[PDB]
Protein chains: 4
Amino acid sequence: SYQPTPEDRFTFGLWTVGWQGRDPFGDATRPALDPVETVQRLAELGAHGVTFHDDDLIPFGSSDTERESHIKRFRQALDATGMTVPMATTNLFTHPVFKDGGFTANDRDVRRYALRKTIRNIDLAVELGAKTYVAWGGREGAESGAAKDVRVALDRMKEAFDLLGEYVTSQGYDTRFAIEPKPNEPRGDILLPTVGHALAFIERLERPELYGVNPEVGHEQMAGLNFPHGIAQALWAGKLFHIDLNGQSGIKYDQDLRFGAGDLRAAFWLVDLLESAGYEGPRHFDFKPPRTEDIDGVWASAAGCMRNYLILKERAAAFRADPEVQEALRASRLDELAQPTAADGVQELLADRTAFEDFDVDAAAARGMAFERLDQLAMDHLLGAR
Amino acid sequence: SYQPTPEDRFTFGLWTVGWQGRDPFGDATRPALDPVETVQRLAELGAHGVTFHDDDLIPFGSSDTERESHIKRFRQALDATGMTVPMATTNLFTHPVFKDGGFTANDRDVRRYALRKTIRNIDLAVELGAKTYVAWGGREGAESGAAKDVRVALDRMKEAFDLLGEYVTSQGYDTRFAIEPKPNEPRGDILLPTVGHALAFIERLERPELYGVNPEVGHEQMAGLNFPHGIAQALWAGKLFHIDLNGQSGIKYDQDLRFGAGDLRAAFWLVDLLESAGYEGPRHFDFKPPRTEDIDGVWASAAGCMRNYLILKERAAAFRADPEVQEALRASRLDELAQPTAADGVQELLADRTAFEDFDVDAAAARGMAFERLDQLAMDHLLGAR
Amino acid sequence: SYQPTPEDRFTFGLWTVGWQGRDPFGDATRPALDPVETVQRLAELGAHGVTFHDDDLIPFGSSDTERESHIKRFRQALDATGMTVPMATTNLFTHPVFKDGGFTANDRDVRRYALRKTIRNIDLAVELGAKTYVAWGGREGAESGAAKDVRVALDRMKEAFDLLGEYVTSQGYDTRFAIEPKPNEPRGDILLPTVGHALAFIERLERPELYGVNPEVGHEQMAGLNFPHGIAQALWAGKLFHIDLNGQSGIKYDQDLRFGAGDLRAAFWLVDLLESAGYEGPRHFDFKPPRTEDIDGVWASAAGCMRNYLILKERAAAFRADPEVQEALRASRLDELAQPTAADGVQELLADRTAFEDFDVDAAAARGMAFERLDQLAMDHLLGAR
Amino acid sequence: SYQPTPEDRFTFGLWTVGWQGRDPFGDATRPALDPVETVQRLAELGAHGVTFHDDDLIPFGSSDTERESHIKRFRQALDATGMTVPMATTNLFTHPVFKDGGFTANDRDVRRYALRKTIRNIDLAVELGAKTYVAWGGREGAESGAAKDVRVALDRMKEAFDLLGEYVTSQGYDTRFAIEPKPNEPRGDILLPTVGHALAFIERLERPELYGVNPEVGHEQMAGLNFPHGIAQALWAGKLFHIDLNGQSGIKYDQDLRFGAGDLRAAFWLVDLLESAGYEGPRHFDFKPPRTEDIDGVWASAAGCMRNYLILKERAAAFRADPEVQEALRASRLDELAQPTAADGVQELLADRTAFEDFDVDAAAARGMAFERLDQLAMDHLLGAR
Ligand SMILES: CO[C@H](C(=O)CO)[C@H](O)[C@H](O)CO
Ligand SMILES: CO[C@H](C(=O)CO)[C@H](O)[C@H](O)CO
Ligand SMILES: CO[C@H](C(=O)CO)[C@H](O)[C@H](O)CO
Ligand SMILES: CO[C@H](C(=O)CO)[C@H](O)[C@H](O)CO
Ligand SMILES: [Mg+2]
Ligand SMILES: [Mg+2]
Ligand SMILES: [Mg+2]
Ligand SMILES: [Mg+2]
Ligand SMILES: [Mg+2]
Ligand SMILES: [Mg+2]
Ligand SMILES: [Mg+2]
Ligand SMILES: [Mg+2]
C-alpha cells in the first residue's frame, strides 16, 4: 500500500532515526547508528535524501584527518545510493560552551566561535549539494528576565545572520538560510518563538531575500497555534524555504512523534495546503522513534512517516476533487473571499450607498455560512467514508 | 500610597469598567454605565484618558440625530475634566453580521460594510484627538480548515488595511494604526495570532510606516509566550505604538484580570522594559472587573491597575539603580552582549585563530553565567526584601 | 451506511442544538428553538432522547401554571415520538445570584436557594424517567486566592451532596448523581477540576455509591490530559455513570465542537474503549453548533456527531478484530500486562532469585516494545487504509 | 533577616543540587557532586535534611561491598552534621529496562524486578530513619493508545502498591507511602496524572491509610491547574504526607526552577495555606539549578529556595494578621462560608419558605462580593507595599 518514490522528496536527518533514546530522565536505549548504514537503510525505504548537523557527521573534537575520513565515507554512501543532501545545519546546542547560546551568548568569544563553527559547515554543505542551510537557535533565550536584554540579543542575532549572508555572497554560493522557530525547550523561552516572529525578524536583515523559515509542526503546536495557518502565512510571504514534519499531542515537552501522529486533522489540512500551493521543497521529517523501540521499531516509525503523508495526500486530493465539496465551497462563499473588497478604490467605496447607508445588515446577518456541512465532508474524506 | 498622576498616562476603555458581567455561561451582574459617568469617575481616580469602540459611544443602529447627541454629551464630559482620547477602535465583532469576520468575511458585501463602519469612526477619532487607531480582528479566523483559505484571507486583510491607509493619507490625517494580536477566542484560531505574526504582516503592506502593534499581556500569554520578550521585539522593530495591560493566569480563556494579577513576575519585567526603553505612549488597561463585583468593586479593580503599575515601576527602578545589581550584570556579562561580535567583518573573523583554531572551548564552557544570583537579587527587589 | 437509530442511545441536551450563538464578544445569531420542535427534529435524526437543565424547559421565574404548561407540552412531544429523558440537571450558573457559586457560594442564603432549586428539579426529572442527575458546578471556584477557602468550600460541597443523597434516599427515588468536572471557565479555577478530583471527592461523601462522574471530552483536554486514560480510570473505579461527547482543539476556551472534531485520534481511542468495556449508558452530545451556522447547519452538526461516532465504532471494531493487530498486541506483550506480577506472593517474590540477583537486566532492556508498528496498524485502520 | 535554620524543616534531594546539566539537547555542564560534600554544604546553608533515590547514593550495579561502603560514608556525613533523612525513593525511570515502566511495564519479569529494587531500598530508607517513601512513576504511561490498556495497567499498579503495603506491614515498619503525580514527561501521558487521580486511586488500595500524595508545584502547573487548590483538597482528604516545592513558568516541559520563581502569586498562596493549615512535614525542594550555572550558582539557587519560602511566610502571616484584611474577609463573607448550609436538615430546609418561595433573588444577586479589594490587599502585602 502507498509506497514512497524519489519524486515525493522525503528526507530525514541523521539525528532522527539515529536518536539513541537519551532523554531528561533516562539513558540511551539504542546503540549509535553509523551514517553510512543510515543512508543505505533510508534509500531502501524510499527516502530521497538525508540532512545532517556537523556534529552528526564529524564527532566534535575531530582532527582534520579524522574529519576527512568521516566525510569521505559519507560521500561514498551517497554516491552509491544516489541519495541527495538537500539541507544541512550546525549543532550550536549540545556542547556545554553553548549553555547560554551560540549567536546570542553573553560572552563575545563564544559568539565568534559559533560563527566560525557555522561557516565551516556551510562550506561542507555547499559541496555536498545542500541548497538550504538551517539555523535552529535552541540555546538562544533565557530562564530569567535580567539574564538577557532581548533588544541587544536581537542586534547580535541580526549581526550573526548578516555576517553569514555577507560570507555566502562573497563566496558566490547558491545557498539560502532558513530559521527554524521553537517557543521553548531547552531554554525557558527561546528567541524568535514562532513562525511569525521569525518572519518579522528576516525583514530587518540586510539581505532579506537570502532568508526564509523552516517551521516545524510540533514547535508551533507547543504554543497551541494552528500550524496550517502559520504555513499559509509563510507561503503568502514567499518564505517557506523548507518544512519539518512530525507530530505533537498538545502543549507539553517537545515529542517529535512520527508524522501523522499527534494532531491528525492538522496533518490533513497541512498536506492539503502544501499540495494545493504546489510547495516543491523537501518533505523533511524531524521526528524521534520513541525510546521504547529497538532498531526495527526505528525503521517502522520512519516508514510510517512517509506512509501517512501519502495517505493524507490522497484523501486531500479526493476532498478537493469531489463535486459535492466544490459545491459546498461555493455555498460557504469561498469563491467570494477571492474577489477584491473594493477594487475601484476607497472613493468608489465611500460613494456606494449599498456598502453602508442602504446595506441590509440583518439579511446579511441571517445567512448561514454552511461551514459544519463542509467540515463533515472533509471528515468523511479523511476517514475514507466517502 | 502610590497615587496616579496625568504624567503616568494611564488610560482605560469605556468597555473595561463598563463591562456588565455577561459571559458565555451567564447574564449581566451590573447595570450599563453612562460614558459621561465613566469619564468623571476615571478623572477622579487619576486616569489621563479614555478610549472607545464606536458602539460603546453610539448604540448600533442610531440615527445621525441620536449619534450627534451621544457624541455631544461625551465631548462635554471630556472638556469639563480635561480627559484626553488617545486611541479609538471599531467594534467589528459583536453584531451577528460579523459572525465570520469583518475584513476577512467570505461575503464581499460584509467586508465593504466593515470598511465603511471603520472609516466613519476614524473621522470621529481624529476630531476627538486620537493619534492611534486600533484594529482587533476578533472575528477574523475559523473553527474548521476549509472554511477559510488563509492565503486569500491575508490578501483581503492586506487590502482592507491598504485602503484604510490610502484614506487617511488623502485626508492628510495624523493617525497611525495599531494591530492588536490574539491567538484565539472568539474564533477557534484568529488570523495574525501573536505579535510576531502581526509584525511580519505589516511589512507586506503598501505603507508599512503607518502601522504598528498594540500587544496585550493576556493575549500572548494565551499562547504561553513571554510577553516582555514579544514587547522587546516590537520595540526593536520600532513598532510599539500602543500597549494593553491586564493579567492572565495561564493558557485558558481570555480573563482580562486587572494589571498585576496573573503573572506578577512578567508584569515586573514588562514595567522594567517599558520604563528603561522610555516608551512614551499610553499605559492602557484593557481589563474586566470580575462579574462577582458591584460598581465599587469596579473602581477598586480600576485603581488597583494603576497602583500595581506604580509599585512595579518603583521596584524595577530600584533594581536597576542598585550597585550590587549593576555588579551582578557585569558578572553575568550583560555588558559584553552589547559589544559587536565581529565589528571588523567576516574576513577578520575568519583569519582570527583565537575565534576557532586556538579557542579554549572547555575554559569557556566552564564559566558560570551567575544568572540565579542575579535573578534572586531581582526577586528581593520585587518583594521589597532589598 | 452510518445511520443512527434509537438503538445507538444517542442523546442531546436541549441547550446544545438550542444554543443561539451568544458568546463573550457577540450577540445571538440564531432564534430560540422551541423544546417541542427540538424533540421532534432529533427523533427524525435518529436520536434516542434529550436531556435538560430546569431553566431550558421552564423559563426562570415561571409561575407554577406556566411551569405546568411547559412540562405538559414537552411531555406530549416526548410521548408522540418515543423519545426518552435519560438525564437532567439544574442551571446553577446563569442567573446573577450564582455569580459566586451555588453549593459553595460564600453567602449562606444563596447556598440554601441553590439546594431548593436543585431538589425541585430532581422531582421533575424522576417523573420524566431520568435515571442520572448531573451536577456541573461551573460557578464553584474563584479568580483570586483569598476569595474562597477551598477546604471549607469542599465541606460545603460535601454538605450539599450528602443532603441531596439523604433526600433521594428518603423519597426512595431510583436516581443517581454524576459530577461533571471542568478545570476552568467561567471561573478562573473551578473546584474538582478533573475526573480524578471528582472521583477522589466522591469517596468522602456519606453514601459514595449514589455518585459517579459525567466526564466531558473537551474539559479534560483543557487541562491537556488524555481523555481515554481518564475514562479508563473512571471505568476501573466503577463510576462512569454518563459521558459527554464533543471536540476541543487544545488548551484554550471551551469550544464544544461536534464530536469527531478537535482531537480525532482521541475520539477513536475513546470509542474503542467505550465499546470494548461495554459501557451501556447514553452517548450524550454536549456540543454547540458554531454561531456561523443557521438552523440547517445546526441539524447538520448534530447529525455529524452521531455519524462520526458510528464511523469510529466501525474502525475500532475492525482494528481489534484484525489478526495482524492481535498478533501485534502479543508482540508488544499486552497479554503479559494482564498476568499478575506476583500472584505467588511477597515472600515467594523475595526468594525468587530470577526477579533480582539473577535477572538479566540488559537482555530485558534490549527487547523493543514494537509499539510504533502497532500504532501504525491503528492509524491504517482509522483512515481506512486497511 | 531570612536565614534558614534546621527548625524550618527545609530538605533537598541529592539529585537536585547534584544535577549535572544534561538535558534532552545537551551534555553535562557540571561535575558530579559527592553525596558527602552535598550533605555538608546543605547543613551549612541551614538545611535540615536530604532525600535520595537508591541510584543517587549507590551507583547502579554496585557489588554489595561497594554498596555498603557508599552507605557507610554517607551515614557518617549525616552523623557529623546532625542532618536527617526524612524521605527516600527508588529510581524506576533511568535505566533502559524501565523504558516501558516499572510497576506497569508490559513485561512481567521487569515488573517483578521493579518491586525487588524498591523493597531493597525500603529496608535501607527505614535504617536511615525515613518516614515517607515516595513513588514517582515517571515511566508508567504511553505515547500511543494501544500500547497500554489502562484498566489493566491500574490493576498492575494496585497490585504493586498492595504488595509493598503487605511487605512493610509484615516487617512492622513505621513508614508510609506518598504517590507523586505528573501529567506527562518523560512519557506522552503518565498514569495518575494529577493529585486528584492519585487521591482517587489510593481509595481502591487494600490498606488506604498507608498511602498519601507528594504533590509537586510544577507538575500540577503543567496541566494548568491551581496548585494551592490541589493541596487544599489533599489536606481536606488528610493525605498530604509530603510536598515538593519548585517553580514552573506555564504549560511546557518540566523546568524545576527554584521555589519562588515561576508563578510567584501561587507560591504565596501555597505558603499561606501550608502555614495556616499547620502542615508539619518537610518543605522539600525538588528543583534543578539551571545548566548555565557553576557550582557557586548551584548553592545560590538552593539558598534562594529557602529565602523565598521565608519571605513569603512572613508576608502571608502579615496579610492574615492585618485587621483591615480581617475586615475585608467578613465583607466578602468568608465567615459565612464556614457556616453549615442546612444544619437544620433537609425537611426543615424544604419547609423553609425563605430558602425558595420568599427568597429575594434580585437583592442577593446585587450584593457585590468585594473580592477585588481583598485581592489588592493581598497584592500590597506580597509586595511589601503595606
Ligand atoms: C534536533 O532537532 C532540532 C530541533 O528541531 C529542536 O527541537 C533541529 O531540527 C536541528 O537543530 C536542525 O534543524
Ligand atoms: C474588548 O476588548 C478587545 C480585546 O482585546 C479582545 O480580547 C479589544 O481591546 C477591542 O476590540 C479594542 O482594541
Ligand atoms: C452547557 O453545559 C454544561 C457544561 O458542560 C459547560 O461546560 C453541562 O453539560 C450542563 O450543565 C449539564 O451537564
Ligand atoms: C527527579 O525527581 C523526580 C520528579 O519529580 C521528576 O519529575 C521525583 O521527585 C523523584 O523520583 C522522587 O520523588
Ligand atoms: Mg521538536
Ligand atoms: Mg526541527
Ligand atoms: Mg483579552
Ligand atoms: Mg485589548
Ligand atoms: Mg464545554
Ligand atoms: Mg458537559
Ligand atoms: Mg518536575
Ligand atoms: Mg518531584
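Basis for what follows: all heavy atoms, side chains included, without hydrogens, waters or symmetry-related copies. Letters go in sequence order (proteins before strands), and every chain restarts at 1.
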Pair [X] + [Y], salt bridge at N-O below 4.0 Å:
{"X": "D8(A)", "Y": "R283(A)", "result": "no"}
{"X": "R187(A)", "Y": "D23(D)", "result": "no"}
{"X": "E159(D)", "Y": "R156(D)", "result": "yes"}
{"X": "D34(A)", "Y": "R73(A)", "result": "yes"}
{"X": "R30(A)", "Y": "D294(A)", "result": "no"}
{"X": "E185(A)", "Y": "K252(D)", "result": "no"}
{"X": "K148(D)", "Y": "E140(D)", "result": "no"}
{"X": "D344(C)", "Y": "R112(D)", "result": "yes"}
{"X": "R315(C)", "Y": "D272(C)", "result": "no"}
{"X": "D55(D)", "Y": "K117(D)", "result": "yes"}
{"X": "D100(D)", "Y": "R333(C)", "result": "no"}

Evaluation steps, salt bridge (charged side-chain N to carboxylate O under 4.0 Å, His left out), between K288(D) and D254(D): CA-CA 10 Å; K288(D) 281 169 167 49; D254(D) 185 46; over 6 Å; no
With no hydrogens and no angle check, do the side chains of [X] and [Y] hold a donor and an acceptor under 3.5 Å apart?
{"X": "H95(D)", "Y": "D27(A)", "result": "no"}
{"X": "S69(A)", "Y": "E66(A)", "result": "no"}
{"X": "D244(A)", "Y": "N214(A)", "result": "yes"}
{"X": "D189(D)", "Y": "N226(C)", "result": "yes"}
{"X": "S301(A)", "Y": "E293(A)", "result": "no"}
{"X": "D256(A)", "Y": "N246(A)", "result": "yes"}

Using 30° and 60° as the class limits, which term best fits the ring planes of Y113(D) and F60(D): parallel, tilted or perpendicular?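 Geometry flag for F60(D) against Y113(D): perpendicular rings.
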Hey, can you tell me if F285(A) and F10(A) have their rings parallel, tilted or perpendicular (30° and 60° cut-offs)?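 If you compare the ring of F285(A) with that of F10(A), the planes turn out tilted.
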Taking the side chain as C-beta and beyond, is there a heavy-atom pair between [X] and [Y] under 4.5 Å?
{"X": "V50(A)", "Y": "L42(A)", "result": "yes"}
{"X": "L192(D)", "Y": "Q233(C)", "result": "yes"}
{"X": "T11(A)", "Y": "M87(A)", "result": "no"}
{"X": "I231(C)", "Y": "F227(C)", "result": "yes"}

Quick one: does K99(D)'s side chain have a donor or acceptor within less than 3.5 Å of a partner on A365(C)'s backbone?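 Flag set: sc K99(D) to bb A365(C) pair under 3.5 Å.
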Can you tell which of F259(A), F52(A), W15(A) makes a ring-ring contact (aromatic ring centres under 6.0 Å, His included) with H284(A)?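 The option that passes is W15(A).
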